[PDB]
Amino acid sequence: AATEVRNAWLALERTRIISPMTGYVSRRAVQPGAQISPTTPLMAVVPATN
Amino acid sequence: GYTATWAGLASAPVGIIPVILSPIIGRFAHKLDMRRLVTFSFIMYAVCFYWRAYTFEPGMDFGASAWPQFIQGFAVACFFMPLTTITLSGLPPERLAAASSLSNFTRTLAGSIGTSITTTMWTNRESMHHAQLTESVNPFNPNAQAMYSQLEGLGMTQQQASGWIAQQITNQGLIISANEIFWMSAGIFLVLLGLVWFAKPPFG
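In the nomenclature of the PDB entry, chain B is known as Multidrug export protein EmrB of Escherichia coli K-12.

As annotated in the PDB entry, chain A carries the name Multidrug export protein EmrA and comes from Escherichia coli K-12.

Below is the structure:
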């Protein structure tokens, strides 16, 4: 049961979508109220380092 | 998607006007300052090309490319006879052969040069427009995933749908590039107008 608690907690903590890279936002196709799945593009981040 | 016979049929209306006006112009040549005919023909050629420039559309019927040639009939009718009368004006009867040979040689050279320039311009501007168009087709764009959805509705693969979109972009670019050439040609005509007035009037 502790394992299932952990899985549920990770599911809840992932309702906040975090940026994996420092950069700048280019395209924005996400609006309040949109229905999102793990296959829908949301933004783009373009660093300027390398 | 025209065929060769249909495509040729779209240029029939050019000969409707000259086949009538040619004798009338010939009959009355005694009372005309031929220079004014050349100027009118140049203006009429500019009008026809500007007509084509602002009226070509992907879904244009046979009539949309038949009226402009009906108009161009006048322009072609009043350009050969007057200018050739000026070209061979006052020369003795014996030399008419050599003058004709020179005139024809220059005219054929001009035709070849025109074809060579125009074809390359058409293809290159098509490439430029293709580049400027394919940009909009990306993710992060409504009315771009919808097209893919409708395409996949008909059973096409993803790659086939991409090819179809590319083909459509190509066709649009060709129409745009083709209309850009007509505009340039008409503009160039507007400047060539006044040169015909440098010729003296010894006509006869």
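Caption draft 1: Representation of the pairing of strand β1 (residues 24–28) of chain A. Residue and element names in this part refer to chain A. Among the five residues in β1, zero count as buried, and that is only a small part of the element. Alignment of β1 against strand β2 (residues 43–46), held across three bridges, turns out to be antiparallel. By the bridge assignment for β2, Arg28 is matched with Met43.

Caption draft 2: Quick peek at a nonpolar patch on the surface. Residues and elements named next belong to chain A. A cluster of nonpolar residues, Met21, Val25, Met43 and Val45, forms a patch on the protein surface that exposes about 350 Å² of accessible area. Counting through the fold element by element, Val45 comes out in strand β2. The exposure class of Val45 is partly exposed, given its relative accessible area of 35%.

Caption draft 3: The arrangement of empty space enclosed by the protein in detail. All names here are of chain B. Evaluation of the coordinates by the stated rule reveals one cavity of 30 Å³ or more. Size it by volume and the largest cavity reaches roughly 40 Å³. If you go around the largest cavity, the residues you meet are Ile25, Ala29, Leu32, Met34, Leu37, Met81 and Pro82. Residue assignment for the lining of the largest cavity shows that the elements contributing at least two residues are α3 (34–53) and α4 (67–87).

Caption draft 4: Quick look at the pattern of salt bridges. Residues and elements named next belong to chain B. Evaluated as defined, the whole model comprises one salt bridge over all chains. Where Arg125 meets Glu180, a salt bridge forms, and the shortest distance between an N and an O atom there is 3.4 Å. Of the two residues, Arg125 sits in helix α5 (residues 96–134) while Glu180 sits in helix α7 (residues 158–192), which places them 55 residues apart along the sequence. We classify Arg125 as partly exposed; its relative accessible area is 26%.

Caption draft 5: The side chain of B:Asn179, seen in detail. Residue and element names in this part refer to chain B. Mapping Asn179 onto the fold places it in helix α7. Within the local environment of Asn179, its side chain forms a polar contact with the backbone oxygen of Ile175, the two atoms lying 3.0 Å apart. Not counting residues up to four positions away in its chain, the partners in contact with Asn179 are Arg52, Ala53 and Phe56.

Caption draft 6: Local environment of the environment of A:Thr49. Residues and elements named next belong to chain A. On the secondary structure map, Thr49 appears in the segment after β2. Overall, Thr49 belongs to the exposed group, its relative accessible area being 62%. Taking the C-alpha atoms as reference, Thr49 lies 45 Å from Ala1; in sequence the two are 48 residues apart. Engagement of the side chain of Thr49 in a polar contact is seen with the side chain of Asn50, the distance being 3.0 Å.

Caption draft 7: Seen up close, the packing of α3(B) against α4(B). Residue and element names in this part refer to chain B. Remark: α3 packs on α4, axes separated minimally by 8 Å, with the N-to-C direction vectors making an angle of 150 degrees. One element, α3, and the other, α4, form an angle in the roughly antiparallel class. As for the relative orientation of α3 and α4, their crossing is left-handed in sense. Looking at the contact of α3 with α4 residue by residue, the classes come out as 18 nonpolar, four polar and one charged.

Criteria and cut-off values
- Residues numbered from 1 in each chain as written, not as in the entry; some residues may be left out.
- Chains lettered and ligands numbered in written order.
- Part of a larger assembly, values for the part shown.
- Heavy atoms only, no water.
- Buried < 20%, exposed > 50% of the residue type's maximum accessible area, 1.4 Å probe, protein only.
- Helix = DSSP H or I, 4+ residues; strand = E, 2+ residues; numbered from the N terminus.
- Pairing = 2+ DSSP bridges.
- Patch = residues over 30% accessible without salt bridge, like charges linked within 9 Å, V, L, I, M, F, W, Y side chains within 5 Å.
- Areas by Shrake-Rupley, 256 points an atom, 1.4 Å probe, with all protein chains shown as cover.
- Salt bridge = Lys/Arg side-chain N within 4 Å of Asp/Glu carboxyl O.
- 1 Å grid on protein atoms, 1.4 Å probe; cavity = no way out; pocket = protein on both sides within 12 Å on 5 of 7 lines; lining within 4 Å.
- Points joined across faces, edges and corners; volume = space filled by probe spheres on them.
- Polar contact = N/O pair within 3.5 Å; in protein donor to acceptor, adjacent residues only side chain to side chain.
- Contact = heavy atoms within 4.5 Å.
- Axes fitted to C-alpha atoms, helices over the stretch in contact; angles between N-to-C directions.
- Parallel < 35°, antiparallel > 145°, perpendicular 65-115°, else oblique.
- Left-handed = near helix turned anticlockwise from the far one by under 90°.
- Nonpolar A, V, L, I, M, F, W, Y, C, P; charged D, E, K, R; others polar.

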